[PDB]
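The structure appears below as structure tokens.
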Amino acid sequence: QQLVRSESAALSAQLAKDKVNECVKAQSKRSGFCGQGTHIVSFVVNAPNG
Amino acid sequence: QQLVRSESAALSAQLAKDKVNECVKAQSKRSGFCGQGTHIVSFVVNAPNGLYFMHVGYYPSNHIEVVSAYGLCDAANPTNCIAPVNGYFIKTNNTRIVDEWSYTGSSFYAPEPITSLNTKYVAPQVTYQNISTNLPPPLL
Amino acid sequence: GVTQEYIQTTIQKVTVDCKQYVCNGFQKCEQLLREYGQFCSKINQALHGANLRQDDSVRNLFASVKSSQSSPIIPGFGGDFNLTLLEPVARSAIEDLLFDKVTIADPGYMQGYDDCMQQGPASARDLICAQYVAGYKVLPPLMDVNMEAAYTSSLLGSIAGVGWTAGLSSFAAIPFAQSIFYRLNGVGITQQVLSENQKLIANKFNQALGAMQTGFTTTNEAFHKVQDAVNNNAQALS
Amino acid sequence: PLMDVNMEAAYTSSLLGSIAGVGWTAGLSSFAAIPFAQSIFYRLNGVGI
Amino acid sequence: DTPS
Amino acid sequence: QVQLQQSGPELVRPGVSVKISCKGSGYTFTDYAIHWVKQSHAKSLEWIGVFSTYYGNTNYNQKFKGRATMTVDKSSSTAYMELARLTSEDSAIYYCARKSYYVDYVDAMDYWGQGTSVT
Amino acid sequence: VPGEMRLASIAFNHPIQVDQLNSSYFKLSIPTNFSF
Amino acid sequence: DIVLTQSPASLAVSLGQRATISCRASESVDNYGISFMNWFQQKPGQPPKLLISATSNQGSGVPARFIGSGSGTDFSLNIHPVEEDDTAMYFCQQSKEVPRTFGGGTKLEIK
Ligand SMILES: *[C@@H]1O[C@H](CO)[C@@H](O[C@@H]2O[C@H](CO)[C@@H](O)[C@H](O)[C@H]2NC(C)=O)[C@H](O)[C@H]1NC(C)=O
Ligand SMILES: *[C@@H]1O[C@H](CO)[C@@H](O[C@@H]2O[C@H](CO)[C@@H](O)[C@H](O)[C@H]2NC(C)=O)[C@H](O)[C@H]1NC(C)=O
Ligand SMILES: *[C@@H]1O[C@H](CO)[C@@H](O[C@@H]2O[C@H](CO)[C@@H](O)[C@H](O)[C@H]2NC(C)=O)[C@H](O)[C@H]1NC(C)=O
Ligand SMILES: *[C@@H]1O[C@H](CO)[C@@H](O[C@@H]2O[C@H](CO)[C@@H](O)[C@H](O)[C@H]2NC(C)=O)[C@H](O)[C@H]1NC(C)=O
Ligand SMILES: *[C@@H]1O[C@H](CO)[C@@H](O)[C@H](O)[C@H]1NC(C)=O
């Protein structure tokens, strides 16, 4: 079970990294990512395990 | 065990496919992807059970701080102003250039005279500098 | 208006003792266990590899979080924008609200072992003292919450901004409000409107931000996911 | 393996030869056939140099 | 410690 | 070893244009703007103009925009100025100088020509 | 042979700071060198 | 450009005496904190010599004895060790704006 969960976390972490390099570091034109209202600046904070 | 590994391999293969059709075939501006240095051409080679990618990238160094302005203007006619394209207007620090302001590239410090090739017309704003004398792009 | 998302990045790291979990110093089982000693070896190695992967993901994430340069941050940042996210120089009040709303058990490491021991309240109910019964070991996070706070402040320092071409070399170093107006013209709002409504924009913006104080509720699904991340870890140990 | 390693090598040589074009309004329809260095300079002006 |  | 070589003085008659030179030496001439100054008295000096030696860009004192102009011979490493329409009020000691930045964003005259004069 | 291992703090690499100016003009940071 | 003036019109001092020169501007010269103030030295039969700049009281062709001072509309030049060979006219110069004018100067002398 731990091995499975560990892998899902790794993939989830990749997503986090992607949003940091897009949704946070720049305005995005893609819709989709980020909240659904076009896009304007976004912020990120620490949360347990993520 | 094989069923699990096979599935993860398929997903990984999809990622590779995406990079080949973005990170390799063309320059990409989104960052994140490829090497962490903006992006410039990348290459891929065969590797056991997969692909091995190599990414060429650009790493900036020796950063300096300079004075810069949001835009420049004709103080006699606040009905046409300009702003740099893919670069900035900075106060001049170069003995070669007589101009009070100069254009620079954004990836690398390098002053140049301001010309129409480096500018676009913009609506006026209160933060633009007011040049009351010599501004050649446009002179009029 | 605002939306929120929670992206988990890690699994809590644990290790176990195939020698303390199975039996507890009885010599008869130790000898019996020897015939199976290789199973424990497989168990220990597998868990160890899992923990190495967790540390890899942390470092990889932080490598993108860091910026070569940033603005210093002071109170009153963002001008008329309220910016409650600023640190109480610290983490942030918002991060602390989250931690208070979370129902997670009292933290490990210090004082640790002495909260299992009789030198503490009889009302402790931590599975962490059971850590020293079950042979569980909970490994510490790599990141260190103080370094974590430094990384999130660094991201705020990259604000103002991304605009002005690529933004991948240069650092604009402009007021926060200016970066906002730039983004607003980036979505087809005319420059003239922006100059006329500047205070209005800040007012509507802060209304949306103020709603975050009510955002820590069970109907906020992002919040709910955070709580379930905690719940899943606790369940595995139980 | 599903394929002869030589065929796979041929596909990556095709990727090497797919450089230049590097752009110019999708480029899926065209091939610029220009020197490698020349294509690099266009990439360099793509980043503000 | 440092290399040999 | 930087030096500037101004042309010799002349008692030029009025209505004659007057050409003055200031050759660079000991540095690459094209990397520095040239400045010119008029001294009618030790207590009375004024800026005349500046000429980029690489791009040919200029600025002039507004009073001389209908008068003196400047050129550069990049192959002779020299700068020249010519005053249209000499009058007796234009007699002066004339000084060329080399642009510099001893301080960030601050223009300074650095090296000076030995001086020349016209009457 | 080698001695004891040395305890150390993990270093934190700080970003270059750039002052946030307050008027119609601003500091701009630009690299003066680069490498592939 | 901003108008510049200087005083005393001339100063005479004993050898090794400290001495200073006042210099005023019609308008503040600070822009982005740059100041743009240069001081020059001149003697008869010779071209002017750069001495200092608003942030450079050393270098720029001189010994540390030439200390520029002030901000806004007021500036000064201060030399603690005046010597016989330091007698010259001295001139404030403004690099902030075209024409790039400068003062008529004042003259130092040894009594
Ligand atoms: C000169 O620059 C100023 C700012 O330094 C320009 O902005 C004006 O600023 C004042 C005070 O903030 C406002 O009351 C004016 O409304 C602004 N002008 C405009 C057009 O909005 C000023 O416009 C510039 N003058 C020019 C270009 O002639
Ligand atoms: C905006 O920031 C201000 C601080 O500048 C916040 O006001 C404080 O809020 C806390 C939380 O309730 C109170 O304990 C303090 O007493 C408040 N300060 C004062 C001076 O009263 C405010 O909450 C932030 N948000 C909004 C929407 O205004
Ligand atoms: C432009 O400004 C820079 C700094 O912003 C000045 O820096 C000089 O850099 C050179 C490089 O070796 C040094 O030798 C000088 O000593 C630096 N100047 C000072 C005052 O320390 C530079 O002077 C300016 N540009 C020019 C062309 O002068
Ligand atoms: C500009 O960047 C280049 C490339 O990094 C620098 O050149 C290298 O500097 C390192 C520094 O230790 C040397 O080890 C290399 O041998 C140099 N290589 C070459 C090809 O020169 C250069 O020093 C940098 N210059 C400045 C002023 O920062
Ligand atoms: C400049 O400072 C004033 C306060 O002195 C502040 O109100 C204004 O917003 C600042 N300008 C910016 C941040 O662009």
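Letters A, B, ... go to the chains of the structure tokens in the order shown; residues in each chain start at 1; ligands are counted from 1 in the same order.
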- Query: Which residues sit within 9 Å of ligand 4, counting only C-alpha atoms and all ligand atoms, listed as an NGL selection string?
  - Reply: (:B and (61-62)) or (:G and (32-36))
- Query: Mind listing the residues within 12 Å of ligand 1, only C-alpha atoms and all ligand atoms counted, as a PyMOL selection string?
  - Reply: (chain B and resi 69-82+123-132) or (chain C and resi 192+195-196) or (chain G and resi 23-25)
- Message: I'd like the interatomic distance between atom CA of residue C:68 and atom CA of residue C:178, to a tenth of an Å.
- Response: 21.9 Å
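If you count only C-alpha atoms and ignore residues fewer than 2 places along the chain from residue H:43, what sits within 8 Å of it is residues 41, 45, 46, 47, 48, 87, 88 and 89 of chain H.
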Export N, CA and C atoms of the chosen residues as a short mmCIF file (atom, residue, chain, number, x, y, z; two decimals), in the first residue's frame?
```cif
data_model
loop_
_atom_site.label_atom_id
_atom_site.label_comp_id
_atom_site.auth_asym_id
_atom_site.auth_seq_id
_atom_site.Cartn_x
_atom_site.Cartn_y
_atom_site.Cartn_z
N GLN H 41 38.63 72.37 -12.80
CA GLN H 41 39.75 73.23 -12.46
C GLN H 41 40.37 73.88 -13.69
N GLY H 45 46.15 79.62 -19.94
CA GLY H 45 46.99 78.95 -20.90
C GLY H 45 46.67 77.46 -20.97
N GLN H 46 45.60 77.01 -20.30
CA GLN H 46 45.30 75.59 -20.27
C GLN H 46 43.80 75.29 -20.34
N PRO H 47 43.43 74.09 -20.85
CA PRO H 47 42.10 73.51 -20.85
C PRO H 47 41.68 73.19 -19.42
N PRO H 48 40.38 73.16 -19.13
CA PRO H 48 39.79 72.79 -17.85
C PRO H 48 40.14 71.36 -17.51
N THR H 87 46.03 76.71 -6.99
CA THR H 87 45.24 77.87 -7.35
C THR H 87 44.77 77.76 -8.77
N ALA H 88 43.47 77.86 -8.92
CA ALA H 88 42.83 77.77 -10.21
C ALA H 88 41.44 78.35 -10.16
N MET H 89 40.88 78.64 -11.32
CA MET H 89 39.47 78.92 -11.32
C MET H 89 38.74 77.59 -11.10
#
```
- Message: For residue H:18, find every residue with an atom within 10 Å (counting only C-alpha atoms), except residues of its own chain fewer than 6 positions away, and show them as a ChimeraX atom specification.
- Response: /H:65,78-83
Could you save the residues just selected, with N, CA and C atoms, as a PDB file, in the first residue's frame?
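Done, and the output landed in out.pdb:
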```pdb
ATOM      1  N   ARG H  65      41.737  64.920  -1.335  1.00  0.00           N
ATOM      2  CA  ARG H  65      41.551  66.260  -0.790  1.00  0.00           C
ATOM      3  C   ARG H  65      40.413  67.059  -1.431  1.00  0.00           C
ATOM      4  N   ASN H  78      35.269  71.209  -1.042  1.00  0.00           N
ATOM      5  CA  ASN H  78      36.081  71.447   0.137  1.00  0.00           C
ATOM      6  C   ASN H  78      37.479  70.850   0.045  1.00  0.00           C
ATOM      7  N   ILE H  79      38.518  71.671   0.249  1.00  0.00           N
ATOM      8  CA  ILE H  79      39.890  71.157   0.302  1.00  0.00           C
ATOM      9  C   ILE H  79      40.613  71.554   1.581  1.00  0.00           C
ATOM     10  N   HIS H  80      40.889  70.589   2.448  1.00  0.00           N
ATOM     11  CA  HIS H  80      41.656  70.867   3.661  1.00  0.00           C
ATOM     12  C   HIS H  80      43.126  71.315   3.479  1.00  0.00           C
ATOM     13  N   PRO H  81      43.905  70.721   2.573  1.00  0.00           N
ATOM     14  CA  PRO H  81      45.286  71.143   2.296  1.00  0.00           C
ATOM     15  C   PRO H  81      45.472  72.045   1.085  1.00  0.00           C
ATOM     16  N   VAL H  82      45.065  73.312   1.094  1.00  0.00           N
ATOM     17  CA  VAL H  82      45.353  74.105  -0.094  1.00  0.00           C
ATOM     18  C   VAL H  82      46.844  74.393  -0.251  1.00  0.00           C
ATOM     19  N   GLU H  83      47.329  74.234  -1.474  1.00  0.00           N
ATOM     20  CA  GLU H  83      48.721  74.485  -1.816  1.00  0.00           C
ATOM     21  C   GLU H  83      48.821  75.502  -2.925  1.00  0.00           C
TER      22      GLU H  83
END
```
- Item | Using only C-alpha atoms and all ligand atoms: which of C:113, C:223, C:21, C:205 has the shortest distance to ligand 2 | C:205
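Around ligand 3, the neighbouring residues within 10 Å, taking only C-alpha atoms and all ligand atoms, come to residues 64, 65, 66, 67, 92, 93, 94, 95 and 96 of chain B; 31, 32, 99, 100, 101, 102, 103, 104, 105, 106, 107 and 108 of chain F; 55, 56, 59 and 60 of chain H.
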How about saving the chosen residues, N, CA, C and O atoms kept, as a short mmCIF file (atom, residue, chain, number, x, y, z; two decimals), in the first residue's frame?
```cif
data_model
loop_
_atom_site.label_atom_id
_atom_site.label_comp_id
_atom_site.auth_asym_id
_atom_site.auth_seq_id
_atom_site.Cartn_x
_atom_site.Cartn_y
_atom_site.Cartn_z
N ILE B 64 23.11 43.06 -12.84
CA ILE B 64 23.31 44.42 -12.36
C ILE B 64 21.98 45.14 -12.30
O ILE B 64 21.05 44.78 -13.02
N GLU B 65 21.89 46.18 -11.49
CA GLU B 65 20.65 46.93 -11.44
C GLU B 65 20.79 48.21 -12.23
O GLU B 65 21.78 48.92 -12.09
N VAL B 66 19.77 48.54 -13.02
CA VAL B 66 19.81 49.78 -13.77
C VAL B 66 18.52 50.57 -13.64
O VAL B 66 17.47 50.02 -13.32
N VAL B 67 18.59 51.86 -13.90
CA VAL B 67 17.39 52.68 -13.90
C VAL B 67 16.57 52.47 -15.16
O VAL B 67 17.11 52.54 -16.26
N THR B 92 20.91 56.03 -20.08
CA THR B 92 22.18 55.62 -20.68
C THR B 92 23.40 55.74 -19.81
O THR B 92 23.66 56.76 -19.18
N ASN B 93 24.18 54.67 -19.85
CA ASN B 93 25.48 54.58 -19.20
C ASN B 93 26.61 54.31 -20.20
O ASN B 93 27.69 53.86 -19.80
N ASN B 94 26.38 54.53 -21.50
CA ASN B 94 27.40 54.20 -22.51
C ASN B 94 27.92 55.43 -23.26
O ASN B 94 27.13 56.20 -23.80
N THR B 95 29.25 55.60 -23.32
CA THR B 95 29.85 56.79 -23.95
C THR B 95 29.62 56.91 -25.44
O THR B 95 29.74 58.00 -26.01
N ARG B 96 29.34 55.80 -26.09
CA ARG B 96 29.02 55.77 -27.50
C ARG B 96 27.70 56.45 -27.85
O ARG B 96 27.54 57.00 -28.95
N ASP F 31 34.61 54.72 -29.94
CA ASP F 31 33.88 54.39 -28.73
C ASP F 31 33.51 55.56 -27.83
O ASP F 31 32.91 55.35 -26.77
N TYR F 32 33.83 56.80 -28.23
CA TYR F 32 33.45 57.90 -27.35
C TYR F 32 32.88 59.09 -28.09
O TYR F 32 33.48 59.56 -29.06
N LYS F 99 33.81 62.20 -24.04
CA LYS F 99 32.79 61.77 -23.08
C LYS F 99 33.23 60.62 -22.16
O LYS F 99 33.89 59.68 -22.61
N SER F 100 32.80 60.67 -20.89
CA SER F 100 33.07 59.57 -19.96
C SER F 100 31.99 59.41 -18.88
O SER F 100 31.20 60.31 -18.62
N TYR F 101 32.02 58.25 -18.22
CA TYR F 101 31.16 57.96 -17.06
C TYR F 101 31.92 57.55 -15.83
O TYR F 101 31.89 56.38 -15.45
N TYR F 102 32.56 58.49 -15.17
CA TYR F 102 33.20 58.17 -13.90
C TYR F 102 32.18 57.79 -12.82
O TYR F 102 32.50 57.08 -11.87
N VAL F 103 30.94 58.26 -12.99
CA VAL F 103 29.82 57.97 -12.11
C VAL F 103 28.68 57.44 -12.95
O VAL F 103 28.54 57.83 -14.11
N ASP F 104 27.88 56.54 -12.38
CA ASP F 104 26.82 55.95 -13.15
C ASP F 104 25.85 57.01 -13.60
O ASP F 104 25.39 57.83 -12.80
N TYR F 105 25.53 56.96 -14.88
CA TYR F 105 24.63 57.89 -15.54
C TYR F 105 25.05 59.35 -15.48
O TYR F 105 24.23 60.23 -15.71
N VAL F 106 26.33 59.63 -15.22
CA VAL F 106 26.78 61.01 -15.21
C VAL F 106 27.82 61.27 -16.24
O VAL F 106 28.94 60.77 -16.15
N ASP F 107 27.47 62.09 -17.21
CA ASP F 107 28.40 62.51 -18.24
C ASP F 107 29.51 63.36 -17.66
O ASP F 107 29.24 64.29 -16.90
N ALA F 108 30.75 63.11 -18.11
CA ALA F 108 31.87 63.96 -17.70
C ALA F 108 32.83 64.15 -18.88
O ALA F 108 32.97 63.28 -19.75
N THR H 55 29.39 61.74 -6.70
CA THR H 55 29.68 60.57 -5.86
C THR H 55 31.17 60.20 -5.88
O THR H 55 31.56 59.18 -5.31
N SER H 56 31.98 61.00 -6.56
CA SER H 56 33.40 60.70 -6.69
C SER H 56 34.29 61.78 -6.13
O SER H 56 34.64 62.73 -6.83
N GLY H 59 39.69 59.71 -7.25
CA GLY H 59 39.66 59.20 -8.60
C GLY H 59 39.20 60.34 -9.46
O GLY H 59 39.29 61.49 -9.06
N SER H 60 38.75 60.04 -10.67
CA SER H 60 38.33 61.08 -11.61
C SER H 60 39.44 62.11 -11.82
O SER H 60 39.19 63.29 -12.05
#
```
- Close residues to ligand 2 using only C-alpha atoms and all ligand atoms, limit 9 Å, as a list in words: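 Listing the residues within 9 Å of ligand 2 gives residues 75, 76, 81, 82, 83, 84, 206, 207, 208, 209, 210, 211 and 213 of chain C.
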- Using atom CA of residue F:90 and atom CA of residue H:42 as the two end points, give the distance in Å to one decimal.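 That distance, rounded to one decimal, is 21.6 Å.
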- Could you please extract the residues within 7 Å of ligand 5, counting only C-alpha atoms and all ligand atoms, and hand them back as a list in words? residues 79 and 175 of chain C; 22 and 23 of chain G
With N, CA and C atoms retained, could you export that selection as a compact mmCIF listing (two decimals), in the first residue's frame?
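The result, stored in part17.txt:
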```
# COMPACT_ATOMS: atom_id res chain seq x y z
N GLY C 79 0.14 48.14 -1.65
CA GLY C 79 -0.59 49.39 -1.70
C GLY C 79 -1.99 49.22 -1.18
N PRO C 175 5.73 48.07 -8.63
CA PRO C 175 4.69 47.96 -7.64
C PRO C 175 3.70 46.91 -8.05
N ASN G 22 9.61 53.63 -5.58
CA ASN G 22 8.28 54.22 -5.41
C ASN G 22 8.25 55.57 -6.14
N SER G 23 8.12 55.53 -7.48
CA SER G 23 7.83 56.65 -8.38
C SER G 23 7.67 56.13 -9.81
```
- Item | strand (DSSP E or B) residues, from DSSP on the backbone, in stretch 13-96 of chain F, as a PyMOL selection string | chain F and resi 18-25+34-41+44-51+58-60+69-73+78-83+92-96
Kindly export the residues of the current selection with C-alpha atoms, as an mmCIF file, in the first residue's frame.
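For reference, out.cif as written:
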```
data_model
loop_
_atom_site.group_PDB
_atom_site.id
_atom_site.type_symbol
_atom_site.label_atom_id
_atom_site.label_comp_id
_atom_site.auth_asym_id
_atom_site.auth_seq_id
_atom_site.Cartn_x
_atom_site.Cartn_y
_atom_site.Cartn_z
ATOM 1 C CA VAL F 18 35.183 78.130 -39.864
ATOM 2 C CA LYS F 19 36.332 74.540 -39.660
ATOM 3 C CA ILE F 20 38.032 73.133 -36.551
ATOM 4 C CA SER F 21 39.362 69.648 -35.882
ATOM 5 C CA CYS F 22 40.234 67.482 -32.880
ATOM 6 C CA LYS F 23 41.872 64.188 -33.743
ATOM 7 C CA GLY F 24 41.774 61.392 -31.189
ATOM 8 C CA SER F 25 44.859 59.480 -30.162
ATOM 9 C CA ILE F 34 33.012 64.196 -28.732
ATOM 10 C CA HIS F 35 31.983 67.396 -26.975
ATOM 11 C CA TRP F 36 32.722 70.952 -27.988
ATOM 12 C CA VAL F 37 32.880 74.078 -25.792
ATOM 13 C CA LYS F 38 33.174 77.804 -26.551
ATOM 14 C CA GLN F 39 35.217 80.027 -24.228
ATOM 15 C CA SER F 40 34.782 83.718 -24.929
ATOM 16 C CA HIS F 41 36.363 84.612 -21.609
ATOM 17 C CA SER F 44 32.346 82.860 -19.973
ATOM 18 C CA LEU F 45 32.059 79.378 -21.371
ATOM 19 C CA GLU F 46 29.243 77.468 -22.988
ATOM 20 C CA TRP F 47 28.555 74.029 -24.367
ATOM 21 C CA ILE F 48 28.338 73.818 -28.138
ATOM 22 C CA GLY F 49 27.373 70.265 -28.884
ATOM 23 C CA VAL F 50 28.056 66.537 -28.863
ATOM 24 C CA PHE F 51 28.699 64.050 -31.678
ATOM 25 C CA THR F 58 24.154 64.767 -32.354
ATOM 26 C CA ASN F 59 22.855 67.328 -29.976
ATOM 27 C CA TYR F 60 23.481 71.013 -30.258
ATOM 28 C CA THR F 69 27.563 71.504 -37.549
ATOM 29 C CA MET F 70 29.751 68.490 -36.894
ATOM 30 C CA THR F 71 31.213 65.545 -38.808
ATOM 31 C CA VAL F 72 33.639 62.657 -38.226
ATOM 32 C CA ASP F 73 36.217 60.960 -40.383
ATOM 33 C CA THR F 78 39.174 62.670 -36.145
ATOM 34 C CA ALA F 79 36.273 64.953 -35.322
ATOM 35 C CA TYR F 80 35.432 68.155 -37.050
ATOM 36 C CA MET F 81 33.161 71.083 -36.576
ATOM 37 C CA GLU F 82 32.357 73.902 -38.891
ATOM 38 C CA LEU F 83 30.807 77.180 -37.870
ATOM 39 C CA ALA F 92 36.617 82.354 -28.921
ATOM 40 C CA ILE F 93 38.900 79.756 -27.554
ATOM 41 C CA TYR F 94 37.368 76.461 -28.685
ATOM 42 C CA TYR F 95 37.737 73.157 -26.807
ATOM 43 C CA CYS F 96 36.909 69.594 -27.862
#
```
- Show me which bits of chain C are within 9 Å of chain B, counting only C-alpha atoms, as JSON, numbers by chain. {"C": [64, 164, 165, 166, 167, 168, 169, 170, 191, 192, 195]}
Those same residues, written as a PDB file, in the first residue's frame with N, CA and C atoms?
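What ended up in part20.pdb:
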```pdb
ATOM      1  N   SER C  64      12.327  24.335  -8.576  1.00  0.00           N
ATOM      2  CA  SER C  64      11.609  25.287  -9.389  1.00  0.00           C
ATOM      3  C   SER C  64      11.027  26.422  -8.584  1.00  0.00           C
ATOM      4  N   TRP C 164       6.155  41.965 -19.378  1.00  0.00           N
ATOM      5  CA  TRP C 164       7.329  42.560 -20.004  1.00  0.00           C
ATOM      6  C   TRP C 164       8.195  41.496 -20.671  1.00  0.00           C
ATOM      7  N   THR C 165       7.636  40.836 -21.681  1.00  0.00           N
ATOM      8  CA  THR C 165       8.348  39.795 -22.415  1.00  0.00           C
ATOM      9  C   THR C 165       8.344  38.459 -21.677  1.00  0.00           C
ATOM     10  N   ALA C 166       9.474  37.760 -21.735  1.00  0.00           N
ATOM     11  CA  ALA C 166       9.620  36.469 -21.091  1.00  0.00           C
ATOM     12  C   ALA C 166       9.662  36.527 -19.579  1.00  0.00           C
ATOM     13  N   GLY C 167      10.416  37.477 -19.041  1.00  0.00           N
ATOM     14  CA  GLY C 167      10.526  37.620 -17.596  1.00  0.00           C
ATOM     15  C   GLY C 167      11.467  36.550 -17.010  1.00  0.00           C
ATOM     16  N   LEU C 168      12.164  35.810 -17.877  1.00  0.00           N
ATOM     17  CA  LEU C 168      12.978  34.681 -17.459  1.00  0.00           C
ATOM     18  C   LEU C 168      14.427  35.024 -17.183  1.00  0.00           C
ATOM     19  N   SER C 169      14.749  36.293 -17.280  1.00  0.00           N
ATOM     20  CA  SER C 169      16.076  36.780 -17.030  1.00  0.00           C
ATOM     21  C   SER C 169      15.967  37.970 -16.121  1.00  0.00           C
ATOM     22  N   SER C 170      15.396  39.019 -16.674  1.00  0.00           N
ATOM     23  CA  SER C 170      15.176  40.266 -16.000  1.00  0.00           C
ATOM     24  C   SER C 170      14.176  40.204 -14.872  1.00  0.00           C
ATOM     25  N   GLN C 191      -7.168  50.447 -21.455  1.00  0.00           N
ATOM     26  CA  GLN C 191      -6.336  51.184 -20.537  1.00  0.00           C
ATOM     27  C   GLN C 191      -7.083  52.335 -19.898  1.00  0.00           C
ATOM     28  N   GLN C 192      -7.983  52.949 -20.661  1.00  0.00           N
ATOM     29  CA  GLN C 192      -8.751  54.052 -20.140  1.00  0.00           C
ATOM     30  C   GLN C 192      -9.652  53.653 -19.005  1.00  0.00           C
ATOM     31  N   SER C 195      -7.609  53.233 -15.766  1.00  0.00           N
ATOM     32  CA  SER C 195      -7.250  54.433 -15.047  1.00  0.00           C
ATOM     33  C   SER C 195      -8.405  55.069 -14.301  1.00  0.00           C
TER      34      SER C 195
END
```
- Task: Name the residues of chain D that come out as alpha helix (DSSP H) in a backbone DSSP run; write them as a list in words.
- Result: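 Matching residues for alpha helix (DSSP H) in chain D are residues 5, 6, 7, 8, 9, 10, 11, 12, 13, 14, 15, 16, 36, 37, 38, 39, 40, 41, 42, 43, 44 and 45 of chain D.
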- Message: For stretch 41-43 of chain A, find every residue with an atom within 9 Å (counting only C-alpha atoms), except residues of its own chain fewer than 3 positions away, and show them as a list in words.
- Response: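 The residues that qualify are residues 23, 24, 25, 26, 27, 28, 34 and 35 of chain A; 155, 156, 159, 180 and 183 of chain C.
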Output file for the residues above (N, CA, C and O atoms, as a compact mmCIF listing (two decimals), in the first residue's frame):
```txt
# COMPACT_ATOMS: atom_id res chain seq x y z
N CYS A 23 0.89 28.52 -13.51
CA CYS A 23 -0.22 29.25 -12.91
C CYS A 23 0.24 30.35 -11.95
O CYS A 23 -0.49 31.30 -11.69
N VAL A 24 1.41 30.16 -11.34
CA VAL A 24 1.92 31.13 -10.39
C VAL A 24 2.92 32.08 -10.97
O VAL A 24 2.76 33.29 -10.89
N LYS A 25 3.95 31.53 -11.59
CA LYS A 25 4.97 32.37 -12.20
C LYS A 25 4.53 33.19 -13.39
O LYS A 25 5.30 34.03 -13.84
N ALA A 26 3.36 32.95 -13.98
CA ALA A 26 2.95 33.84 -15.05
C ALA A 26 1.45 33.87 -15.22
O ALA A 26 0.73 32.98 -14.79
N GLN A 27 0.96 34.92 -15.86
CA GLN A 27 -0.44 34.92 -16.23
C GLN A 27 -0.58 33.84 -17.29
O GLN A 27 0.32 33.68 -18.12
N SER A 28 -1.70 33.12 -17.33
CA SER A 28 -1.82 32.11 -18.39
C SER A 28 -3.03 32.32 -19.25
O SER A 28 -4.09 32.73 -18.80
N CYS A 34 -5.76 26.81 -13.37
CA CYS A 34 -6.09 27.97 -12.56
C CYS A 34 -7.62 28.05 -12.43
O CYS A 34 -8.34 27.20 -12.95
N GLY A 35 -8.12 29.01 -11.66
CA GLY A 35 -9.57 29.15 -11.47
C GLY A 35 -10.26 29.55 -12.77
O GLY A 35 -9.64 30.16 -13.64
N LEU C 155 8.56 33.24 -3.49
CA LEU C 155 7.62 33.33 -4.58
C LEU C 155 6.86 34.62 -4.58
O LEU C 155 6.66 35.21 -5.64
N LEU C 156 6.50 35.12 -3.40
CA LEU C 156 5.83 36.41 -3.39
C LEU C 156 6.75 37.51 -3.89
O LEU C 156 6.31 38.44 -4.56
N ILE C 159 6.69 38.35 -7.64
CA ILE C 159 5.56 39.09 -8.12
C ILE C 159 6.03 40.47 -8.51
O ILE C 159 6.89 41.04 -7.85
N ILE C 180 -0.83 44.40 -11.75
CA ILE C 180 -2.21 44.05 -11.93
C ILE C 180 -2.83 44.75 -13.10
O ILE C 180 -3.56 44.12 -13.86
N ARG C 183 -1.90 43.06 -16.25
CA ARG C 183 -2.67 41.86 -16.51
C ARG C 183 -4.07 42.15 -16.98
O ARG C 183 -4.62 41.40 -17.78
```
- Residues of chain C within 9 Å of chain G, counting only C-alpha atoms, as a ChimeraX atom specification: /C:66-73,147,150,154,157,169-175
